[PDB]
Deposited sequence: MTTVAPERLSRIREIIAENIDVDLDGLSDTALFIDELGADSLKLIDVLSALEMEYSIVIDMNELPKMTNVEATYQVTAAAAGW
């Protein structure tokens, strides 16, 4: 929503290897990839994301909902 998005983009990109918003999936992807991104977000923000919410972390944008939800943003 603000400069958090730019830090989120940067985390994702480093963990899945691309550099353009947008799906997960048809675009590198690997269940390990998605775990590396959930793990990076958790550490960034000292939050806990429930790992049963991995099947919903698709676009550079559906993961924002998750991050923000679990973060109480």
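*Asks:* Would you mind checking the deposited sequence against the model and listing the stretches with no C-alpha coordinates?
*Replies:* According to the record, the gaps fall at 1-4, 27-32.
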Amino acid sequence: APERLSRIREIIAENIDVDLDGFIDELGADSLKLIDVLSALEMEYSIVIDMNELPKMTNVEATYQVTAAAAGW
From here on, numbers count along this sequence of modelled residues.
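*Asks:* Per the record, averaged over C-alpha atoms, which has the higher B-factor: 44-52 or 25-33?
*Replies:* Between 44-52 and 25-33, it is 25-33 that shows the higher mean C-alpha B-factor.
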